[PDB]
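So the structure is just underneath, and the comments pick up after that.
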Amino acid sequence: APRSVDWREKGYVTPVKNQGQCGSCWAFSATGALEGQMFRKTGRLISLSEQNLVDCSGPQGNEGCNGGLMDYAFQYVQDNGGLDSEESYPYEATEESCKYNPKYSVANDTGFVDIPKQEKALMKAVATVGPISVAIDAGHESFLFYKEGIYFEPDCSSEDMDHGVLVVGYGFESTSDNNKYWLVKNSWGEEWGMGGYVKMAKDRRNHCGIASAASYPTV
Ligand SMILES: *C(=N)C1(NC(=O)[C@@H]2C[C@@H](S(=O)(=O)c3ccccc3Cl)CN2C(=O)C2(c3ccc(Cl)cc3)CC2)CC1
């Protein structure tokens with residue numbers, strides 16, 4: 001794999017979004033991954049509707065503003081035959097009745113891939129596929145108040161993840177001893193972290209469980 005990857009530079013990544021008070025992180029992680037795979041497929045970067053996922057993917061096991069799984073979202077898109085654009089089905093940050101309209105479907109998927117649970121497998125996936133949906137342990141105050149640089153939290157769990165985010169690349173800082181990072185897009189708006197991103201510790205024993213539940217949709 002290359003030493004550094006950043007899919008933002010290749011046009012695969014929409015601007016940072018804000019989920020608000022709704023427990024819809026999983027929906028933002030899923031749309032991020034699908035936005036990337038749709039761009040690879042078609043050359044068109046189109047922002048997708050998290051609201052459509054929040055309102056409509058109960059049958060697949062998602063729980064709206066009270067949590068869900070990226071893979072359940074990918075299964076919904078396959079079952080449903082599509083997913084609306086953000087423009088057509090805008091984000092409300094509350095769970096409402098399903099308003100899916102196939103006329104405005106701009107994405108599809110044919111399933112999903114679960115990546116082996118190693119950072120080396122995650123790097124290979126990121127290098128070759130595009131942005132990847134990942135689960136992390138975000139449940140430390142150090143994450144809430146993260147501002148810049150490489151995020152490392154000694155008490156992070158590699159097994160107890162509670163937040164879905166999107167890996168858009170990886171790289172290394174030239175500063176000192178521990179310099180590698182995953183580039184991670186969050187859904188807490190641009191005023192959190194580094195314009196809404198967190199450079200997360202890479203190759204330090206699967207820190208925060210970033211390689212523990214990584215996946216992406218096939219299109
Ligand atoms: C996001 N605003 C909130 N977090 C979740 O909804 C997270 C997302 C995923 S995860 O990425 O943590 C994860 C964890 C373990 C294994 C795979 C994955 Cl993808 C699940 N989330 C959860 O909070 C849990 C969950 C799981 C399944 C359902 Cl239907 C609801 C909730 C508790 C694991 C909401 C804060």
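Read-outs throughout are calculated quantities, based only on the coordinates presented, and are distinct from any laboratory measurement. Note that we place each Cβ from the backbone using ideal geometry, even for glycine, and neighbour counts take in every protein chain shown.
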Between the alpha-carbon centers of region 51-122 and region 147-171, tell me the distance in whole angstrom. 23 Å
Taking every alpha carbon pair in the chain, what does the distance histogram look like in 10 angstrom bins from 0, in percent? 9, 38, 37, 14, 2, 0
For the charge dipole of the chain, defined by +1 on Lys and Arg C-beta atoms and -1 on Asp and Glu C-beta atoms about the Cα centroid, which residue among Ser57, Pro102, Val129 has the Cα displaced farthest towards the positive pole? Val129
Phi to ³J(HN,Hα) by Karplus 6.51 cos²θ - 1.76 cosθ + 1.60 over region 48-57, Hz, x for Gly, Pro: 9, 7, 4, 4, 4, 5, 4, 7, 10, 9
Can you list residues whose amide H is under 5 Å from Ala107's amide H, if they're 5+ apart or on another chain and H is modeled 1.01 Å from N? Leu83
Going from the fewest other Cβ atoms within 10 Å to the most, one would list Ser105, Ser176, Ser57 as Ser176, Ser105, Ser57
Show me, for region 190-203, the HN-Hα J-couplings you get by feeding each phi into the Karplus relation (A = 6.51, B = -1.76, C = 1.60, θ = phi - 60°), rounded to Hz, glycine and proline as x. 6, 8, 8, x, 9, x, x, 10, 9, 7, 9, 4, 10, 6
